[PDB]
Structure formats: C-alpha cells, structure tokens
Amino acid sequence: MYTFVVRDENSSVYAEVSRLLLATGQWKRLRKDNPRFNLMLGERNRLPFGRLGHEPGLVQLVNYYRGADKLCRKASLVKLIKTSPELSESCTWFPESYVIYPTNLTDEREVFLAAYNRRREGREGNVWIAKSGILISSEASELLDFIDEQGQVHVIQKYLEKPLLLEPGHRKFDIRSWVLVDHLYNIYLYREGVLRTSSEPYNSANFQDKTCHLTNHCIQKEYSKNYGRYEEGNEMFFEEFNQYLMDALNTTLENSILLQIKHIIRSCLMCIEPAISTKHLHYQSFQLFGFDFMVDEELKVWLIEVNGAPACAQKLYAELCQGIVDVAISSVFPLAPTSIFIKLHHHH
Amino acid sequence: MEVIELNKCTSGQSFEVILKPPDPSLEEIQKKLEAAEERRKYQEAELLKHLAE
Amino acid sequence: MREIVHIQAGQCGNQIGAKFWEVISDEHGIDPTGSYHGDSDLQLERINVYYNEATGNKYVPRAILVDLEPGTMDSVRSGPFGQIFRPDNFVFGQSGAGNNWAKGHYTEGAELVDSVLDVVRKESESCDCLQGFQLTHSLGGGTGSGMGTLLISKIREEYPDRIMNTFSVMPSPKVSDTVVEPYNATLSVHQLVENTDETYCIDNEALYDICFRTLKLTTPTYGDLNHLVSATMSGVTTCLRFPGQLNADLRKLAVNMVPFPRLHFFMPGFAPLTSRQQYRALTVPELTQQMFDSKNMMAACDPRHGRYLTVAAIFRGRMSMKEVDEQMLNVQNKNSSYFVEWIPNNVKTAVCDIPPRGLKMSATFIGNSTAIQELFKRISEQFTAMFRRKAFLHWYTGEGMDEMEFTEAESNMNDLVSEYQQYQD
Amino acid sequence: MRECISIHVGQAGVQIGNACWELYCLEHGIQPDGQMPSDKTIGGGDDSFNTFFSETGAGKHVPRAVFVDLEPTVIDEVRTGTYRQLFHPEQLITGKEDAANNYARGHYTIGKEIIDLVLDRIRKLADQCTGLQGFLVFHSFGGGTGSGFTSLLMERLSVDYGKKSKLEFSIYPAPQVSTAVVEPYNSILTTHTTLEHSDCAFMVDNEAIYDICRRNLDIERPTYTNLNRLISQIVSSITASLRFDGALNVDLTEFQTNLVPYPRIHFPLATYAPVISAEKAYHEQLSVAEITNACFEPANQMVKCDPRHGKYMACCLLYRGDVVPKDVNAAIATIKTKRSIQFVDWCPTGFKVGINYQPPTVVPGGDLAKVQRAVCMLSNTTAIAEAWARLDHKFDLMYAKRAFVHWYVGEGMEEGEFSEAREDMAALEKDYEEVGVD
Ligand SMILES: Nc1nc2c(ncn2[C@@H]2O[C@H](COP(=O)(O)OP(=O)(O)OP(=O)(O)O)[C@@H](O)[C@H]2O)c(=O)[nH]1
Ligand SMILES: Nc1ncnc2c1ncn2[C@@H]1O[C@H](COP(=O)(O)OP(=O)(O)CP(=O)(O)O)[C@@H](O)[C@H]1O
Ligand SMILES: Nc1nc2c(ncn2[C@@H]2O[C@H](COP(=O)(O)OP(=O)(O)O)[C@@H](O)[C@H]2O)c(=O)[nH]1
Ligand SMILES: CC(=O)N[C@@H]1CNc2ccccc2C1
Ligand SMILES: [Ca+2]
Ligand SMILES: [Ca+2]
Ligand SMILES: [Ca+2]
Ligand SMILES: [Mg+2]
Ligand SMILES: [Mg+2]
Ligand SMILES: [Mg+2]
C-alpha cells in the first residue's frame, strides 16, 4: 500500500493524478504534514527538499526537480542561455533577450541599448517586448521607463514581428508542449499539444491594443470579441493544425515545427541535467514542464518560456494525467499502448 | 589554474590551487548551575509538602 | 549495577509475582534453590538487576512479599520456587483486608506498612545504584490496591528521585470477586496517576477473552490468566534483564514512553498466542502482525479507538534483524493514522537473542495509546452506577472514609479521561 | 610542537574514541602496551606524533585523552579492552548513573557534581603540555551526557583555557540506530549552548554512515563497531596533519583559518572516498580523478545533503597514499567543467590540498579494504543547513505540544531555555540562507 501527500491544492493536474491514484485502490492519501509518505505532490514555492529521503524504509518521490527554477524563471532562463556553453549566446532558437533591473534597485541596460541603437540605425525592425503587466513598444525610452515604474526584475527580448498567421483570420498564436521528465531523467514529450490562438487579426501598426498580440488564454477570453469563433476556446489541436499546414503550406507539423521543438526541449533539459539530476540522490524527482514556442512566417520555431507548474487543456487532462501515473509514479512504485509520449533519447 | 605555496617534505606535500579570485564568567556559570539546583529543591519540597498533607 | 527492587502485594500480586520469578528464574538458569545452572554468559550479564548474590554463588531474588493474610504467601513459600525467596522478605499480617481499599490504605495496612518499608530500606541499602521499584498487584481488592498504593506513596516519599513501576491488574465484572472492585480501582488509579512513572495496565477480561477465544481454554482459571501475565512480564523486562541499548534502564524507558507525566499507563501485548498446531514456526511478518493485533493485547482496549503516543517493541530469538525493521516500518507505514504525527519516530524496536522458554522467537508489545481511556471510562461508569445510590459505601465509611473522598476520586479519573481525549484529536 | 588533548563524552564519544586511538596506534606503530620501537628518543621527544602521545621513562606512549561517561559500562570496556595498558586510571572517568537521554540531567543535575573532577583530570594532562593547542571533543547530539555534559564542559574550558582552540566531532541523530525520541531536543539544546564555544565542528550523521556501511561494505545491519571504524578513518584523515610532518592544518588554529570565515558557520561537510569492502574478491584501484570526483557525490558525504544547491566558503582536499600534485590539479580541472561548484563571491574559488604519502591504515579484521590512495574533502557548504532544517522541524513538532518537556523542567531547567535555543537555531538557519541563496 503506497502513500502520498498533497501540498498544492490549486494544482489542477495533480488533483487528477491524486484522483487516479486513489482509484487504483493501491495508493492511500495522508495528511499534508505526515512525513511517512512515498510520494509528495509538493507546494510550488519553498518546497522543503532538505526533508526528503530521510525516512528509514521509504522510497520517497516528489513531483518537482530542485533547481529547475533556473529554467522556469524569465530572468533565470535568459541568464542560463547566455552563460551556459551548451546553449551559448549565439543560440539561434531563443529571441535576443536582456535582463533589466529597475533603477530603484548583473544588469544588461547598456548592452540592450547598444543592440537597440544598432537596429535603429540599420532601418531594421526594432520592436521589443518587456515582461516579468506586459508592454510592447518600438521606442527604448518607453520600455525602460515602464520597468522603472515597477519594482521587480524584468526582461526585454526582441518581439517576433513576422509571426506565422493562421488563415482565415490573419491571427497570431503560440504552441504549448507538455514534457515529463522522470526520476531517470528520460525526456518524454506528450504527443498532444495545443495552439492558443488569437481570435483577433494580427495588427503590426498598433501595439497599444494587446489583444491580437498576446495569445494568453485569459486575455483572449476577457478582452477579445471573437473568442471561440474559429476554434473552441481559441485552442486548435495538433490534428487540425497538421491538416492546415498540409493544405496551405504543403508540409507537415512534424517536419516544419516538431523537429525544432524536440530539439529545443532536449537542449534546455540536457543543459541543466548535471545540476538537478537525482540519480545518486537520497530521494527521487520528476516534473511536468510546459514549453511555450513561437513560429514565424519562415517556419522557424522560437522558445518563449518554460513553465514549471503548467495547466493542461480540458480535453487532454485524462490522457496526460494517466500518462503521468504510468511513467512517473508506477515506474518507481509498481502496481499489482502504444505510449502517449515521445521519448527524446540523449546522452546522460 | 594556479598552484601556490608548494611545501614538500619526506612524508608528503601540500599546496593551494586558485581557480578564480574573489563569554560567561566562572561566576555566572555557577549561578546558572545553582539556580537550576534551587528550582529542583523547590519542586521536591512541594512534593514532600504534598505528601505531608 | 542498576538494581531493581520488586514488591508483590495481596493475593493477585503475590500469585502473579510468584509466576514472574518462576519464568525469569528459568530464563537466567536459576533453579528453585538459587543455584545457577545455565549455559550462556548472557544469562548472568545483567543477573544482578533482579537477583542478589549470596554466599556459595546463590542468587536470591530482590523481592518483597507483602500481604495482610498469610494464606497466599504460605502457598508461595510452598510453591515451585517458594524456597528461593529470602525468608525475611515475607511481611504479612493476619487480619486480611476483605477486599476493602480503606482497610489496606488507612487501617489494617497502616499498621503493617512501616515493617514493609524496613525490608525495602534493607534491600536498597545493599544496592550499588538502585534504579527503582516495580510492584505487582491488583486494583480490585484491598491489600494490593489499598496497601499497595500506600506503599508506593511512602516509597516515593523516601526515594523521591527513583523510578516507580507497577504491573496493575484492572478488575472486570466478567472476572470479578466482589461488587466493590470499581470502588477500589477508582481509588487506586488516582494514586497511580500521582506516584508511578510507568503502569502496565492488565485487564482481567482481556486475559479471559484470550484464554477462551484464542487459547481455546473452555473454562479459564486464575492460574491460566497468570500464565499470560508471567509471559508478558518477562517480555517487557527483557530490555532490563539482558544486554541492550534501547530502554536499557527504567528512567530511559520512561523518558521515551511518557511525553506527559500523568499519561503513563501502557497497553502490553505478546505474540505468539497459540492453542494446543503449536509446533509451527512463526515468521517475522506473522510475529509483527499479531503483536499489534488487538486480540494479542491485554488491556481490553481497541487501539483503533485512539492513537499511539509511543511504542516499544521487543523481539526475542535468532531472527532477521533486517527483516524485523522491514515489518515494523511496514506496520507504521500501513497504519500511520493511529500514530500521533507530532512525535517523530515514536516507535522503537529492540532485539534480544535469547527467546522465552519453549519458543523459537516472540515479540512483546508496549504501547502508550490514548485508547487506554476506554479502560478508565469503564471503571468510571461502574463506579458511578453504584456511587449515585451510595451503594456498598458503608463498608468504607465504617473505616473512617468520607463520601467526599469518593467524589474527588471520581472527578480525578474523569479528568484523566479528559486528558487522554485532548491528545486523541 | 604543540600538544592536542582529546576528550570523549558519553557512549558515542567513548566508543568512537576507542576506535580512533586504536587506529592512531596502528598508524604510528604503537603497540597495545604503549611501546613504540620506531621512537628512538626514549622517554621524550617533540615529534609530530607527540602532539597526541606523551611518553614515560619506560618508553610507554600514552594518549593525551580523557574519557568521560556518567555511567561505567562503556568505559569499563576500555579498562579491560585490548589497549587497556595505554591509559592510566586517571584518564577514564565514570559516574554511577547516566543522564537518561535528558540534556538537563547531564548539564545540570549530574553535570554540576562531576564537572570540577573532569576539569581537574584535564588540568593534569594540560600540565604535561609545553604548548597546548586546544581540545578535540567527541560526543553525540542525542545522548544526555553527550549533549548535556559536553556543553557544560565547553563553557568551562573556554573559562579555564580562553586562548585555546576547541574542535568538535559530533554524532547527528538518526532513527535507524537510535532509540531515544527526545534526541531532537537534546541536539538543539547542546548546539545553542556550545555554539559560541566551538571553533569548528565536524558533524557526522549516523544515517549517512549507516548507508555507506550497507551500500559500500555490504553490511545488511551495521553495528556501532562497523560505524565507528568507518568514522575513525574519517577522523584520522582530519587529524593526520596534526600527527605527521606537513604544512597544511598544522595546528588547530589553521582549521578555523582555512574552513571557517564566519564564526557561527563552523560546521564543515566531510566527504570520504573510497570505501571498499574487504570481503570483495579484489577491487580495481581507483585513480586520483575518480576518488576526487567522488568527493562531490552525495553518497559518500558524512551528512546527506545537496551541495549543488548551496555555496562553498572553503574547500580542503586531504589525500593519503600514492598521490602527486600533478594528478590532483588535473582531476580538479575536469571536475569544475562537469560539476556545479558555486562559491560565495567574497571567498576565493580554490582548494587547499594536503597529501600524506602513507596510505590509509586498515584495522586487521575490519570491514575496509586496503586502498592505494584515499581522499577526505572538507568543504564549508551552506547545503549542510538542510540538517539543521530537518532537526529544527522535528523539534517544532514535539515542542508545539510540550511533549517530554516536563522531564527537562524536572531536572531544574526552565522551559524558556527551549524557546531560547530554538530561536538561536532559527537565526543560524537564517545565517546560512543569507550566505547561500540569492
Ligand atoms: N556513530 C555512533 N553513534 C552512537 C554510538 N553510541 C551511541 N550513538 C548514538 O548516540 C545517540 C545516543 O546517545 P549516547 O551517546 O549513547 O548517550 P550518552 O552520551 O551516553 O548519554 P546518556 O543519556 O547519559 O547515556 C544515539 O543517536 C546513538 O545512535 C556509537 O558508538 N557510534
Ligand atoms: N518576443 C516575442 N515575440 C512575439 N510574441 C511574444 C514575445 N514574447 C511574448 N510574446 C507573446 O506573449 C505570450 C506569452 O507571454 P509569456 O508566456 O511571456 O507570459 P506568461 O508566462 O504570463 C503566459 P504563460 O506562462 O502561461 O505561457 C505569447 O502568446 C506570445 O504571443
Ligand atoms: N489475573 C489474576 N487476577 C486476580 C487473581 N486473584 C485475584 N485477582 C483479581 O484481583 C481482584 C481481587 O484482588 P485480590 O488480589 O484478590 O485482593 P487483595 O489480596 O486484597 O489484594 C479481583 O479483580 C480479581 O479478579 C489472580 O490470581 N490472577
Ligand atoms: C468490603 C468489606 O469490607 N467487606 C467486609 C469484609 N470483612 C467482613 C468481616 C465480617 C463480616 C463481613 C465482612 C464484609
Ligand atoms: Ca490492629
Ligand atoms: Ca620520543
Ligand atoms: Ca572561547
Ligand atoms: Mg509564466
Ligand atoms: Mg482475593
Ligand atoms: Mg550513556
């Protein structure tokens, strides 16, 4: 009889995983403070990793990789990419980014202005985006002044001015990929992705109205007037998207986009493996990751950010959550296909 | 990767590698000991007082 | 040299104490005449804990036999090992106590108590470093209950910093001699709450159920009940009588078992308990499953009705110490809802190489569980069923007691029940 | 030459002390009768091994050690054991009844009545020293004597020997080989009162030693003898610089200079490799890079924690056996390119390396196999704060209910000393966090 605790009640993903575990009749839930557990569905912030793996006779496992915040933080990611030789500053799939601390607090202010002034003189497109409350502008004076008005670290990266626009509609979008890394640091990519599309036509002559520029599911469902017009919930799945790429562009999702996505996932996760691997550790870790990509009109894929506690699409909750139990939990705590994942082999 | 202060002798050697540059007095202790000895005495007296009743 | 002084009082106390010395004397290779004839040095390593060494290599139990009637102690002196006890350590009167707590505590017992303390003082003066005392007695009678707790009160007055330990037989209507047993038990329990560090609660109904249902004894006798107590007393004292690090002495045992001074009443248990299919080998998992099973417990309290504050387990015999840790950790990790979560690692396990007589291996269980409140609830309800009509009180007011003393003992036990209740939530 | 005096307190301290001095004797060629055929100066000398051994006119080499226990059963083993001849009776001090795993009982009740006797026996050893460096104090956290009496002894030692260094070897409590529920209380009580009196403390977590014995030595159920012989190898590697010719950590003061830049953060992490089973057919001898690389594996640390998520303030490499500086630097380079070694910005990123050519000595009939080279890494990592967090958590669980507190108040301790000690640990955890996290 395996035992687990739940320390993040807001997690929709692991609320289902906990629902499935109990359904097997072989897992038992304990109070969130009972140390005698096999599996911890831990909190998001300040997870006490130092208390794991010190219970005699219990193989303990947790759904978070200590140190993965280096990849799932805006500022941390930019630093990781610029400082890690495995990724290099010349990394071609990540937008030119800079970490900017507000003046009320190293900092890449002057380095950003140098590249900014270079684009301005070269007649090139010089539209940047600041985030950490988002601002899209083509004037460096507005981007910096907006960050000074705040009090947290921000990042300024190049705004993909030539995104791939779906038709009909002429609308932006982004791609979410769920990736599961198990205790053995196998990188599993969920076969099912989701495109969070904008229901408003993309407009390059007005970054003030950010409804057609930001593809967030919450912004399209609150400030957009065409929500749910083209696809249910501004969510197009891979089957539809692949068929589109064939009818319009005469190519496949696998060839034009998915190869780059798998390459980016491997590069990011293999880079930090020596720092977060639990191979020789007194406890074991696994973690679900949410990768967000951008596709430009050249069919080039760009990495936007990595989410450490992602949510799943309503239609894909059952399949993925069950897949989490199979490869992540039962692999360490077996019970008494055609896998839904895609193993990205690599050298450990 | 620099090696400095190499000291060699018959039974070994030592050196240094640099990869990158950068109370209560005796009186007060007796008081604490006697203060705790006093709290024990008071507790035992209350116990004996209780047993005398 | 951490000597323990043993005291047995009243009929029940002397008959159970006699069997206790019978069992452990056999384990240490001591024959009825006090001569050693074992074959393992582990028998004498800690022998002086319970025995004095006389001339001629004679080992004399450090025990004091107390009663207000001669009868039972004449039987002990004529019993199997009756000749092994120091003759001067028989202290007895002639009046008896008529199952009357007041007679044992205030009148008949008061006249005899000083002479018992003289023998206790004598045994202590010859102890290199006295650990403390252990008393065997019942609570439903008059001598063991009333004079027994009077002895404890006066021993704690003369040895205030020594550990006081008792094996206390709790009365049950199903195995009862008189209707006044709840009166005598309620008066004693308050004494024990105040003046003992550890009390092993033994319920006669539990001993009866075990003999009848588990051991398949059609008509259990007091003798059969005392067989269980003997085996249990031998198990819980193995930590003291043989070399070991856990629960080595009485004070360390209390320090790990008693998180609150008044909650020091334990549920003991023993395994195996087999009827006569008695030669079958018992695996470690089976030993552990049964040892925690309510049917193997002798306080007649369901552990599933409370939570364990602390637990001490003693495994005896050549067995897989690794396999013991696995099953112990398995029981805790399979029922962690019955263990308080605010005392980390509150389940301790000790091993002993020498098994009991006639067994390849066994396990003795010592639990400090809030379920023990059920035992004091039963006694309290029986007390109140009679006290509300002042039934049978004249036996006690005739000895100079007042009704007020009963009302206070009643409230004292209900406070104890309430104290257990706050820690069960 | 400057003498060092070793003090062993409680069962853990005494049994570990017995295993260390057994190893010391085998390392220096000292026989159980105290004789040392290789010492050509009879009845005296100022050699490196004389920091730990005095000499009589008869040629006996006597440890500069005191054993203290509030109960005699453990120290009686020493009085009748193999090396009974080494010590004279003044060095072995035993009371009648122990502290019952009760810090207050060891510190106040029993400690008050035997402390002056212990200081008098230490003073006798000090009077034989022409230039005493300080003291090495061995004790457990969980025991009533190791916790309670040790802290009292340290307070007095700071009073009688103000300018003398004091190092600790402390045994961190692990339930797998523990039977006392109150050891978190004792651990935190003795850390609070000892913190200002200890210049450098090497914590050994029994949990770690236990698993190294099961994993590397293939011992299904390790005993204290197994644990202690492994611990004495690590202790030996740490004290070798004081007992042999050398230039690194030549006196107790250098331990603080090289390992403790901030006084309260004086708990270095020890990592040791290789630990090879003697029952093995015959193991492939590991290289300098392989044993060095193992110093950054959690599996061979004396305290289970993850240095990848802390910051280093200092790092010492102590090699024994066939090792030349060339190989050490080569391995260090290869490790910086693969490992996550983050130093605090106000400390240089480097390693102090000591090499003793004599390979580790193994006790005949022990569990460890003879190895051609071994290393012990001493690093001051903020990651060791995980052990304070674990410990302070268990403390909070029991103290919220005042469980077992009456045992301490009953021995004369005030309840407010609990919260006072806990607040000091909370401040200690804060110190580590300010130094390691961003
Ligand atoms: N590594 C190791 N740990 C030990 C040894 N002996 C005891 N311990 C640990 O020390 C703790 C118990 O404290 P002890 O040293 O035995 O107690 P004490 O110092 O003698 O103090 P008292 O309570 O008076 O007995 C537990 O965590 C034990 O696991 C030993 O020989 N080696
Ligand atoms: N450099 C860039 N070029 C073009 N679009 C960008 C961009 N950076 C961000 N975006 C837009 O912003 C949206 C994602 O913003 P971001 O992910 O940084 O905020 P967020 O983290 O709060 C949303 P989530 O974490 O759920 O993916 C995408 O829809 C994308 O269209
Ligand atoms: N287990 C057991 N219980 C007994 C025995 N004799 C009496 N009792 C119980 O003890 C109580 C009577 O006390 P008893 O010892 O006979 O009176 P005392 O001589 O005045 O102490 C009743 O609850 C009896 O059931 C015995 O031999 N074994
Ligand atoms: C509980 C109690 O005291 N019962 C009495 C004991 N002694 C006695 C003597 C003579 C006649 C009756 C009795 C009954
Ligand atoms: Ca009379
Ligand atoms: Ca000499
Ligand atoms: Ca000092
Ligand atoms: Mg985000
Ligand atoms: Mg009777
Ligand atoms: Mg001890």
Side-chain angles (χ1 to χ4, degrees), chain C residues 8-18 65-76 91-116 136-148 150 168-173 175-185 188 204 221-223 225-226 229 395 398-400, chain D residues 1-3 24-25 28-31 33-64 86 128-130 243-245:
Chain C
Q8 46 191 68
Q11 184 168 32
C12 180
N14 273 285
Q15 288 175 170
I16 285 185
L65 295 73
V66 180
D67 205 348
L68 290 161
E69 290 170 343
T72 300
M73 287 170 44
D74 287 353
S75 291
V76 171
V91 184
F92 57 93
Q94 299 287 330
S95 63
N99 293 285
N100 187 315
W101 193 89
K103 287 192 180 186
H105 202 88
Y106 291 120
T107 60
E108 309 297 338
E111 182 175 355
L112 186 76
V113 69
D114 276 1
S115 62
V116 169
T136 62
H137 63 150
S138 69
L139 307 186
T143 302
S145 187
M147 184 181 186
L150 180 66
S168 304
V169 177
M170 315 285 173
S172 167
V175 189
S176 173
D177 299 333
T178 68
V179 294
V180 295
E181 289 165 1
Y183 280 155
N184 301 323
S188 283
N204 259 357
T221 68
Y222 275 134
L225 276 51
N226 299 339
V229 184
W395 299 127
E399 299 301 310
Chain D
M1 188 280 303
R2 303 190 68 197
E3 301 83 356
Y24 294 163
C25 289
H28 297 285
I30 297 172
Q31 302 173 0
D33 54 333
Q35 303 297 315
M36 179 179 179
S38 73
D39 181 4
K40 304 306 172 185
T41 40
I42 303 303
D46 50 2
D47 290 314
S48 295
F49 68 92
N50 286 128
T51 64
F52 280 61
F53 290 85
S54 61
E55 301 183 27
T56 64
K60 178 185 294 185
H61 299 56
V62 184
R64 305 184 190 271
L86 288 184
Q128 295 183 83
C129 303
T130 58
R243 298 178 286 113
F244 294 97
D245 192 357

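Just so you know, ligand 1 is whichever comes first in the structure, and atom 1 is the first atom listed for that ligand. Naming convention: chains lettered A, B, ... in sequence-line order (proteins, then strands); numbering from 1 in each chain. All values below come from the heavy atoms of this structure, side chains included, with hydrogens, waters and symmetry mates left out.
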Full working for ring pair (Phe, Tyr, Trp, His ring centres under 6.0 Å) between C:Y106 and C:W101: CA-CA 8 Å; C:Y106 291 120; C:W101 193 89; 5.7 Å; yes
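The Mg ion (ligand 9) has C:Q11 among its coordinating residues (N/O/S atom, backbone or side chain, under 2.8 Å). Residue side and main chain included, C:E108 places no N/O/S atom under 3.0 Å of the Ca ion (ligand 5). At least one N, O or S atom of D:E55, from either the backbone or the side chain, sits less than 3.0 Å from the Ca ion (ligand 6). Between the Ca ion (ligand 6) and D:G44 there is an N/O/S contact shorter than 3.0 Å.
The OD2 atom of D:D39 and the OG1 atom of D:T41 meet at the Ca ion (ligand 6) at an angle of about 120°, given to 10°.
Side-chain contact between D:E3 and D:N50 is absent, with no heavy-atom pair separated by less than 4.5 Å. A 4.5 Å side-chain heavy-atom check between D:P63 and D:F53 finds at least one atom pair inside the cut-off. Using a 4.5 Å heavy-atom cutoff, the side chains of D:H61 and D:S54 are not in contact.
The closest approach of C:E111 to the Ca ion (ligand 5), by N/O/S atoms, is made by OE1.
Close placement of the D:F244 and D:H28 rings is indicated, their centers lying within 6.0 Å of each other.
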